[PDB]
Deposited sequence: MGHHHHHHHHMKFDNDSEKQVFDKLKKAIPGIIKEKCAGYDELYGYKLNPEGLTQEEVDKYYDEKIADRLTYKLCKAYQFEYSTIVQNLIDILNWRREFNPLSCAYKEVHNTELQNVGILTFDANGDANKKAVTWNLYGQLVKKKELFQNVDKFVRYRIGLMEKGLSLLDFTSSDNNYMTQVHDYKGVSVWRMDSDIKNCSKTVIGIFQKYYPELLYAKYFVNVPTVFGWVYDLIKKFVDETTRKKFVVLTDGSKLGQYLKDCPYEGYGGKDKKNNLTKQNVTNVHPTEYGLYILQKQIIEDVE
């Protein structure tokens, strides 16, 4: 991990040591981040990887430009949200509307390009049929955070080639007339969460099978994300070009190199929470 000048490595050194008190006085002792433990009760012999805890707080300094007092304030807002909301539970415990699970695909390519080995896919174009999934906003957002968290169970935060995620939206089928404020409302809601609570986890996001009559949509949505993640956005009118960016995505649809199996056959279904993730979840269900 690289510091531009000592003073940045000094806010890392300070933050790393402030974490116990921070977590304890203001987060209420919850220290599950992205399925890993970051709070050194000496079971911690067992479930505390230091280099993972350290890369994740690096990740949070980078996100907030090594401005100390901003880092801690958002580290609080993240950890509290992880308690009040339950992101781990959205992925591994809750039941989600069935037509929704079918449009969330999760794939991993052990030999893929850096930070394009873990990908999640939303087949949102399939859901212009069904604009009732969007009236109950909260249950959607719980579905999607569930896919977000399952994606990160596939990352290796210690690595340099697999500590970020890639995401594809397939909008094949959207009609430019059916763009009602229900959809606007789910988008903006999820977006706020990704922005406020999942920073420094996206590498690239591809939006494929999008006609050019949709420019006004793309312009309006983008005003809800920061320049940092906006620079990672790519819009593809022709979905078969996707293999030019994801080397091992399915040949069918996505022009990729895997001609054996399509996207459905590429899915991952064994999802299996992280070690600490499981602890947090089962210990939660004795104090009901």
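Gaps in the coordinates relative to the deposited sequence fall at 1-10, 51-54, 303-304.
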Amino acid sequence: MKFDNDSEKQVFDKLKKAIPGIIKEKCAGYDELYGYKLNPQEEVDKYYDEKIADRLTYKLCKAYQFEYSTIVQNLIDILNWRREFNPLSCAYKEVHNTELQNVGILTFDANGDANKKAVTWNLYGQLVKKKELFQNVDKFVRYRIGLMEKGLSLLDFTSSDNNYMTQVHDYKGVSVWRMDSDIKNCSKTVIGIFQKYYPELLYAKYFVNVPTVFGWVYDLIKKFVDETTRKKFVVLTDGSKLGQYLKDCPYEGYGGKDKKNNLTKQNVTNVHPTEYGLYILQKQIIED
From here on, numbers count along this sequence of modelled residues.
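With 260-268 and 7-15 compared on mean CA B-factor from the PDB entry, the stretch scoring higher is 260-268. When 44-52 is weighed against 25-33, 44-52 comes out higher, by mean CA B-factor as recorded in the entry. Which of 142, 184, 178, 169 has the largest Cα B-factor in the deposited entry comes down to 178. Looking only at 127, 118, 190, 78, the residue with the top Cα B factor in the deposited structure is 127. When the modelled residues of the chain are ordered by C-alpha B-factor, residue 200 sits in the lowest third.
Residue 66 sits in the middle third of its chain by CA B factor, as recorded in the PDB entry. Residue 228: CA B factor lies in the middle third for its chain, per the PDB record. Among the modelled residues of its chain, residue 92 has a C-alpha B-factor that falls in the highest third according to the deposited record.
Residue 150: CA B factor lies in the lowest third for its chain, per the PDB record.
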